[PDB]
Structure formats: C-alpha cells, structure tokens
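Worksheet for the structure shown next.
Please note: Cβ atoms are built from the backbone with ideal geometry, for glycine as well, and neighbour counts cover all protein chains shown. No value in this document is a laboratory result; all are computed from the given coordinates.
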Amino acid sequence: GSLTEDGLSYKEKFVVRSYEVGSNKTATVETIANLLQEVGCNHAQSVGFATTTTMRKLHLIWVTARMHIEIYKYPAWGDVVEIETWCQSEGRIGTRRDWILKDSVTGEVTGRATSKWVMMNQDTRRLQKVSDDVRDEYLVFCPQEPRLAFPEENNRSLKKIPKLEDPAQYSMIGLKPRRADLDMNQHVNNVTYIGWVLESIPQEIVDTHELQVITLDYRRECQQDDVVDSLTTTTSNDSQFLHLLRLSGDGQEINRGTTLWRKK
Amino acid sequence: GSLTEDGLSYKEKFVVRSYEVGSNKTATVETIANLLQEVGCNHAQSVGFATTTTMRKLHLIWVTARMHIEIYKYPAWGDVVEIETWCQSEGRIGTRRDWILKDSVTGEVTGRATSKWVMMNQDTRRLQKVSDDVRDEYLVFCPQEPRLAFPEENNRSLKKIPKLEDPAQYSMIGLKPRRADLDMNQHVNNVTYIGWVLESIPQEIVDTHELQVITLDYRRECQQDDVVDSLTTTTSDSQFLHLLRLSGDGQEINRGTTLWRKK
Ligand SMILES: OCn1cnc2ccccc21
Ligand SMILES: OCn1cnc2ccccc21
Ligand SMILES: OCn1cnc2ccccc21
Ligand SMILES: OCn1cnc2ccccc21
C-alpha cells in the first residue's frame, strides 16, 4: 500500500483469500469490513501514528459511532480489490473516515463506505468534543475541500435508525466472543458486531438475496465476559431489516442497524 | 505466490495484518493456520485442481485427520512471512501436506507444520481408501524422494493422543459456530476447531506463556446446528490435554495437546 501523490489519501490492493469467501465464492461483508480496518491502520501508520502524541498523553482514543457499507459487487476468491481511504474533520463532533472499493482490472467502483468516529477517554469511557490543539495535529493529513464517499442529498449513511420493539421476528441468542474476536488490545473487534447482526438473518434470505447496504450504530461495547442476543424484524425485489444487539441478561442495547438486500 | 523451479512445491509471502495479531502484537496460531490453508489452496489451484477429475466423478473429497504446528517465532504485524508447502503420498493410507514458515528478511525458519489427509465419500462420509488410478493422478505433483517437515525419529507429530477423562481441570461450554466460521461449502472451517480448543486455556497461561506446539486429531465434524464443549487438563514448559465434544451427548469431535513456553 501507499499514500497517493498529494499525501491526503491511501491506497492498497488485496488478493481475496479462500477462507475469506462465502457460499457464492465471493468475499463476505465481514472480509470487506476487515480490509477497510486494515487499510485504515496502514494509512495511520504511513503518517506517523491511530492516536496523536497529545491524545496518548490525555489517555484519549478514537471510537466508532457508526459504520455504513454499500457493495455493488463482492470480489471473488483470487480477484484483486483496490481500496482508497481518507479522513476528514467534521468540526468538534469528531472525524469521518471514507473508503472507495474498486475492481483492479476494470477500474470500476464496486463499493463504498463511511464511518463516524468520536474522541473518548480510554479509562472513564467519557466522550468529548475535539479540542483545538488536538484537532490541529491531524488536520495536516486530511483534505481541506470536502471529499465524500456518499455525496447524495438524502443518502442512506445519515438516516436515523429506530429501536426494534419486542417481539422480534427473528433472533439468535447466546452469542459470545472467542479470543479470535478480540483485537491486539483485548477489545471485541468492530467487525464481530457486524457478524452478530447478520446471525439473525434467516438462511432463506442469505440463499436468495445479496447484501447491498448495512448501517450499524455502536452504542456500547460488548466486554469479553458479556453474552449477546441478535434480533431482526423485516421492515419492507428488495428486502429491508431492522436490527438490534443487546446484552443477554438485562437487555442493555449495544448496537442498532439496518440492512438492505437485493434478489440474486 | 508461485510453484518453485522443479514444480514440486509452492511458495507464497504474506504481510501480517493488524486484525490478525493478538495482545503480543504478533500473529495468532489461528492466523498462521489460515495462512497454511491459503497457501495449500493456491498450490492446488496452480497445478489444475482441490479434487482430481476422477475424485469429483466418484464424489470423493480430502478430509483432515490430524494437524501439527510448531512455531519458534510468531511474525509481528507488518512483517512478511514466506511459506513453502508440498504434498507426499503415504502408501494408500492417504496424503501428507507439509509447510515451512520463514522470516522473509533473515531467511530463518520460524515454524513448521504437517497434516494427514484421508479420502472420504462426501455423501456417505465413509472412508474409501486411495485406490486405482486416483493415486496416479496426483503422484506427478509430489516429490518422489521423502521430504519431511518433521524428519526426527519418534517426533511430536506422530505421538498417539489419549482421551481426557472427566472431570476436566478447565472448560469452556456452549461454543457455537457463526457464519464467519463456515467455508465456501458451508462446512465449519478446520481452523475454528483450533480456536475452540484454545478457549479452555486459562488466561494466566496466555499472559505468561507462548504457544509452541499444537497437535489436533479430527474425528467428527461439528455441524452448523451443533454446540461444542472445550475441555482442558494440565499434564505437566506447560503441557495440556484437550477434548472437544458435542454439548449434549458428549460425542467426541477432536482431541489434542498443546505445549507452552514461558515468555
Ligand atoms: O457470511 C455471512 N453472511 C450472512 N449474510 C451475508 C451477506 C453478505 C456477506 C456475508 C454474509
Ligand atoms: O487515525 C487517526 N486519524 C485521524 N485523521 C487521520 C488522517 C490520516 C490518517 C489517520 C488519521
Ligand atoms: O488469540 C488466540 N490465541 C489464544 N491463545 C493463543 C496462543 C497463541 C496464539 C494465539 C492464541
Ligand atoms: O489436495 C490435492 N492435492 C493432493 N496432492 C497434491 C499435490 C499438489 C497439489 C495439490 C495436491
């Protein structure tokens, strides 16, 4: 991978692996999400980082608030997918990281994604608006003119997501993370929550449809000793679902999301 | 990746990814096992396959009977690891696939693995041993002189593994596969069983030791609707005996052993 000529974005190519594909012999949305996190990490490494020197002093970290992914074509096993990523400040609210996925052979856009990140104290878990001196540190690595992966006016990435009401139409109960689900800091990987959301989609949908859009809000993290229930209800040639992840015991919400599926 | 000059082995380099590493900022043994399966699949693809034309007609597939991995140094995030793999027939018992892992910068051997595979009818799940001109079809892609990743006599990869007796010292119960645990044919990925074995290792060991050797026997598959219990007992460096069995009736699916070195 490498930073582009202007040094304001990063590009990396990936050959899709045999264990990264589903029954269609194309990459799963969890494989795609892992590749988005990998190119994000390589971009941060290329510019000297994911936290600045001032953030580490204050015990501040970046935390995902929302992930939105839209895929037009999933790459098949052995295909090469090129991914371009960049970051942009959204005032004191936080930062946005965007991605564009392309077929390396045709140059056509096969997918896009956007994510919202907020600053949080790693110890107290308290959120805060971005300060000026901390913001100044990373403004030099972001484009100044707006560059959006989702430029549309009433686009799906900014829609409010409602809370699923019981009874759910479908459910997958007692989901727990294993060591492979943890990152290098022993926290549950953000992609694991995507997998857990999809656990409650009926097999019939997975067999007849392809996942086109997924939007996921992150409210609270699942700890290594927590147990999760994944709930889904149909809200709709296209099928739409409302999703809720909550702790198995008291029902505390950890995530909410929506998916859009198109007939194969 | 590419076949070597003689066309009897395959080599591929991998840059270790951020999500592939554990607390130590080095690749997990499950990341290593996925890379071994990937280089195995690319080797099969490079020679025209991983079933032969006659195996597809007879509805026969290759199934793992045993996996043995020994790691001296786990590659850190961003490091490049080179892996060489080859296959060899073992009479009509089955075939063996071996691997050698190396640090791409120093050229030093950082790990090695061996696996035993048997032929099985995909529908009846019966072991039809390698017969007729089925053998002849893949003998041309294997070296004829023996080439072993574990040449030593009476080595760890050939040791018989006993059955853990209740009560186990440690356990992790109610383990179930999710869609990410399945392969392209909707079967549980062989690496998932390695993860499940390790679920019952106490956190204290994971924090103070590094995994050096793992040997795992595969007896029966976990189906998508099955629930598994992972059991572990210390037999000792620290050594453990492992057992994976179905949550309900206790039917054995895997047995194994691990050897851990103080950090
Ligand atoms: O592999 C799980 N899975 C379930 N629904 C999916 C849709 C797209 C990709 C992967 C999916
Ligand atoms: O990972 C933090 N981060 C925030 N803005 C960025 C811009 C480029 C690379 C990393 C960046
Ligand atoms: O993160 C998985 N995992 C658990 N115990 C391990 C020991 C070695 C490598 C990876 C391991
Ligand atoms: O999995 C198929 N297979 C059996 N013997 C082989 C030798 C080389 C490549 C693939 C081989």
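Rounded, prolate or oblate: which fits the stretch B:207-263 when a ≥ b ≥ c are the square roots of the eigenvalues of the alpha-carbon gyration tensor, with rounded for a/c under 1.5 and prolate only if a/b beats b/c? Please report the intermediate quantities before stating the final value.
Values: a/c = 2.58, a/b = 2.49, b/c = 1.03.
Prolate, since a/c reaches 1.5 and a/b exceeds b/c.
What number does the stretch B:2-153 give for Rg over Rh if you use C-alpha atoms and the Kirkwood radius?
Answer for the stretch B:2-153: 0.99.
Where in the stretch A:15-54 does the amide nitrogen come within less than 18 Å of the point 7 Å from the Cα of A:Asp123, taken along Cα to Cβ?
A:52-54
Quick one: P(r) of the protein assembly as shown from all Cα-Cα pairs, 20 Å bins, percents rounded to integers, in order of increasing distance.
Pair shares across the bins are 20, 55, 24, 1.
Which entries of B:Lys102/B:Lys176; A:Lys102/B:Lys73; A:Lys25/B:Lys57; A:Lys160/A:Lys264; A:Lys25/B:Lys11 show an alpha-carbon separation above 26 angstrom in the structure shown?
Going by Cα-Cα distance, B:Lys102/B:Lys176; A:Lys102/B:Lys73; A:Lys160/A:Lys264 fall outside the 26 Å limit.
Alpha carbon centre of the stretch B:114-156 versus the stretch A:199-264: separation in Å?
The distance from the Cα centre of the stretch B:114-156 to that of the stretch A:199-264 comes to 43 Å.
Fewest Cβ neighbours within 10 Å first, please rank B:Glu82, A:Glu20 accordingly.
On the way: B:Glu82 18, A:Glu20 22.
So the residues, fewest neighbours to most, are B:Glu82, A:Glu20.
Using alpha carbons only, what's the Rg to Rh ratio of chain B with Rh from Kirkwood?
0.95
Using r as the Cβ-Cβ distance of B:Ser171 and A:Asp6, and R0 as 60 Å, what FRET efficiency do you calculate, to the nearest 0.05?
Rounded to the nearest 0.05, the efficiency is 0.60.
Computed over the Cα atoms, what is the radius of gyration of the stretch A:142-218 divided by 2.2 N^0.38 Å, N being its residue count?
In units of the 2.2 N^0.38 Å rule of thumb, it is 1.44.
With runs of 4+ DSSP H residues as the only contributors, calculate the mean residue ellipticity of the protein assembly as shown at 222 nm using -39,500 (n - 2.57) per run, divided by the residue total and rounded to the nearest 500.
Value at 222 nm, helices only, nearest 500: -5000 deg cm²/dmol.
Write down Rg/Rh for the stretch B:92-242, rounded to two decimals, with Rg from the C-alpha atoms and Rh from the Kirkwood relation over Cα pairs.
0.98
Exposure proxy check: B:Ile71, A:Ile173 ranked by fewest other beta carbons within 10 Å?
Ordered from fewest to most neighbouring Cβ atoms within 10 Å, B:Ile71, A:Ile173 come out as A:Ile173, B:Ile71.
Quick query: amide H of B:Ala65 versus all other amide H atoms, modeled in the peptide plane; which residues come in under 5 Å with a sequence gap of 5 or more or a different chain?
B:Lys116, B:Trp117, B:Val118
Please order A:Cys142, A:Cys87 by the number of other Cβ within 10 Å, starting at the fewest.
With the sparsest Cβ surroundings first, the list reads A:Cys142, A:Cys87.
Considering every residue in A:176-189, what mean count of other chain Cβ atoms within 10 Å of its Cβ is obtained?
Per residue, the number of nearby Cβ atoms from other chains is 5 on average.
Let me know the Kirkwood hydrodynamic radius for the stretch A:167-264, please, with Cα pairs as the basis and the value in Å to one decimal. Write out the running numbers ahead of the final one.
Working: mean 1/r = 0.0724 Å⁻¹.
The Cα-based Kirkwood calculation yields 13.8 Å.
How would you classify the stretch B:91-180 from its alpha-carbon gyration tensor, with a ≥ b ≥ c the square roots of the eigenvalues: rounded for a/c under 1.5, else prolate if a/b is greater than b/c, otherwise oblate?
It comes out oblate by the Cα gyration axes.
I need two numbers for the stretch B:40-94: Rg to one decimal and Dmax as a whole number, Cα atoms only, in Å.
In order Rg, Dmax, the Cα atoms of the stretch B:40-94 give 15.4, 44 Å.
If R₀ is 45 angstrom, what is the calculated FRET efficiency for the pair A:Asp136 and B:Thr54, using the beta carbon separation as r and rounding to 0.05? Write down the numbers at each step before the final one.
Values: r = 68 Å, r/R0 = 1.51.
In this case the efficiency is close to 0.10.
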